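The data below hold one chain only, encoded as structure tokens and taken in the form deposited in one PDB entry.
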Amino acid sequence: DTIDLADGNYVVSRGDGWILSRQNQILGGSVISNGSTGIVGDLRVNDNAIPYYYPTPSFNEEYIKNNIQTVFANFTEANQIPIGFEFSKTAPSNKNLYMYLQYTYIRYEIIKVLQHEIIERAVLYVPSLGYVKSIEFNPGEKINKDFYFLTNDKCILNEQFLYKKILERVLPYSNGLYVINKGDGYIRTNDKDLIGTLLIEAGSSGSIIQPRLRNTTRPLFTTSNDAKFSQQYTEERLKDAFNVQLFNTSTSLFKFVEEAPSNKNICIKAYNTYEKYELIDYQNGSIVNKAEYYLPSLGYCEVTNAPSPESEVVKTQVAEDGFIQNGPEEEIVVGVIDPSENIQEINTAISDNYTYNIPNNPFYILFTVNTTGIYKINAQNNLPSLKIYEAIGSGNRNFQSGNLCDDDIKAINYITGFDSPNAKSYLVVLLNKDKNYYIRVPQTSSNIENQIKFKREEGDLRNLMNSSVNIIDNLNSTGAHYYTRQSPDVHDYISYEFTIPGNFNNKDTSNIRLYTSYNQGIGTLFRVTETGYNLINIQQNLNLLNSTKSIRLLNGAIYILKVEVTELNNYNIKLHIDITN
């Protein structure tokens, strides 16, 4: 026939809901009477789900299968999983109803177009779901032959003609591993995840069913790097983040049931779905490795008013390969222990003071504290810089007074600390007694003993709460200095402890310009009196971006500036300490 398409070969979906010549009653039917309900159903499986190919000299079976499976639903992978369906009809209160069952199919075609004419067409019918036809009858009644017997193939829904030409944001995340739940109800384009379509006539019911007769599910997986982020590695990380236990099996049942009102015909399309997880290796403000894992989920059901079988068919082009999300928007970001980095434990709940010895690759220390309190945590001479995380949902399970219970959690929430191994720093942090925490100690280039010290702070240092504290040690006589670190998020703090150059006579003073380069924030500056440490507040509410303001500070005296980020413009925060006469 005639067609407005450039010359070439096209794969075509003509839609679901096709029934086949002559094959109407081959499954039998039911006779119900007098207000009773009949429910007839079936299960599309291996042996009753036979595709029927109608090839042509240019388009053989193989060519057809390949071109259809490339663009449309892969019916070979789909056909080992039993999918059920059922229809319900109620008989009138003084009449008999005859209902019979027929398999439906999707019609695919391969067409050759020369000069706006289709000069060859191959057809493939792919098993889909089913259709019930019923009629009310009395003894005697002559019923039209066509109720029982179809002379020519046809669609019980509206036909389609969907074709394809055949050819030939600052993320201030700490460095580490993240698993992100990006939400549910993902399907692929072009009906690749279509289970099937039922036509549910007025005052009847219809169901599409996943009964888990087999448990097999089919996850979808891609990776920027199969050496680091293999499928198995990605599954282990999903396990660490969300305790996903089953990847390619499920016992979880789903089905969709639709009762069509009086005087309305309904179309129910049912789809397989996935829940989309991202596994990212995040370093220095960028994605270094990324894997996508589409976990098999529990379906999507589209209900439309059933259009005419007869309305005109609009030739439409297929979408690009890809995914459509039909579930709600969602982004859950969960850090995970890097399994290449070993976990050491402190079994004693920390009291007031504790010292952990370190005989080397990065590793974690798991620990808890006896009483909620602010803690200073540092290595010896403040090297290396540490990070600390919360084990997520820890501390709600097993407990023992004065000791650690490892409740086995590798989902971690970053609190504070830099990925600057060789920067001097100490952490100051509020630690809740009913949680477990991880210290991360980075890669050291050393032979020496090192120690992590934990000290409950009950003094002024408390006012540096939830802060890493950088120790500046290279303040020259005058001139400009900058210190670049990973920026904390908005409302999160970073702190700098520095000695003004020169000898202390309590009289000699230098001018100090404290400003940031990219990010806005609030500074609180404090004189250190060295009791622990006493902090005298000497400048509040400083506003740091590009600030020109100047303050005079005592030579050889020690100060700490606390910075609350307020504007996150850049992954990095760069503090300047410029000193003059």
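Residue numbers run from 1 along the displayed sequence. Just so we're on the same page, rigid core means the largest C-alpha set that superposes within 1.5 Å between forms.
Same protein, other form: the form deposited in another entry, not shown, and the subject of what follows.
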Quiz prompt | Candidates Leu545, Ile39, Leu43, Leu27 - which moves between this form and the one not shown, C-alpha at least 2 Å, core fixed | solution = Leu545
Practice problem: Using a superposition on the rigid core, decide whether the Cα position of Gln69 changes by 2 angstroms or more between this form and the one not shown. | Solution: no
Exercise. Could you check whether the CA atom of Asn60 moves 2 Å or more between this form and the one not shown, using the rigid core for the fit?
Key: no
Practice problem: Classify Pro501 as shifted (yes) or not shifted (no) between this form and the one not shown, where shifted means its C-alpha moves by 2 Å or more with the rigid core superposed. | Solution: yes
